[PDB]
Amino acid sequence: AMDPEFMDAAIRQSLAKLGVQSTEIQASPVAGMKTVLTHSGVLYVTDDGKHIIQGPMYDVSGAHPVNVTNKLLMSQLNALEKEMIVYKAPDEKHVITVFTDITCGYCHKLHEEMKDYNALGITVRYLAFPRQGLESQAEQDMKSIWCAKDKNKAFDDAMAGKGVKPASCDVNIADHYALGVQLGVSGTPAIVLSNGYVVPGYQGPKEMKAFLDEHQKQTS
């Protein structure tokens, strides 16, 4: 608190040379490296800022590798819960957070199946991840959806093909996009599980439920 942070200052200064001007520096479990969040991804940086390596980092001590970068990011993820468009399941067995795009093919398929996911005990929470870019057709539309009085109704309507009624908001979609990139999201839909594990591509309700049951059993 009254403790100076010379070394984190070296990290910021180093990244600045690389054009990376906005950073969030936290601890990493690897001795001599810090976790460094940027808009373009997570970087592991030595304390002195001289060596950099792209995330993610794995803990392989247990029976399966866990992505500790994503486990760490679950804190940032869960802290956007009031901006998530949530479809809760009656007796929740599992919660997933999906990065979605209203022009995304399998995002349409997934949303169509929302009832089936919910029937299986799976709650789905959406964050926005527009392919086209951080300033484009989908990105602006999704800002309007996210700022609606009833996000569920708005989202359902766009996905149904009814178009989107505009609105303006505190929410910056760019926050969702950066979290996604940090998590390693390389396209939509991107399904993020409770410990930050990002599922490879789309899984429908039956397969997802099966996978969630095992993921839960084999993660602490």
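Sequential numbering from 1, following the sequence displayed.
> As stated in the PDB record, which stretch has the larger average Cα B-factor, 204 to 212 or 21 to 29?
Replying inline: Higher of the two, by average CA B-factor, is 21 to 29.
> Do the C-alpha atoms of 151 to 159 or of 168 to 176 have the higher average B factor in the entry?
Replying inline: It is 168 to 176.
> In the PDB entry, which of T97, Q132, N118, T100 has its C-alpha at the highest B-factor?
Replying inline: Out of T97, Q132, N118, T100, the record gives the largest C-alpha B-factor to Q132.
> What's the residue among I85, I122, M142, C104 with the greatest CA temperature factor in the PDB record?
Replying inline: That would be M142.
>> Looking at the temperature factor on the CA atom of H64, which third of the chain's modelled residues does it land in?
In response: For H64, the deposited C-alpha B-factor lands in the middle third.
>> Test of reading the entry: by CA B factor among the chain's modelled residues, which third contains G187?
In response: Its C-alpha B-factor, which the entry lists for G187, ranks in the highest third among residues of this chain.
> Lowest, middle or highest third: where is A138 by Cα B-factor in its chain?
Replying inline: For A138, whose C-alpha B-factor we compare with every modelled residue in the chain, the answer is the highest third.
>> For the chain shown, is the CA B-factor of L73 in the lowest, middle or highest third of its modelled residues?
In response: According to the entry, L73 has a C-alpha B-factor in the chain's middle third.
>> Which third, lowest, middle or highest, does the C-alpha temperature factor of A16 belong to within its own chain?
In response: It falls in the top third of the chain.
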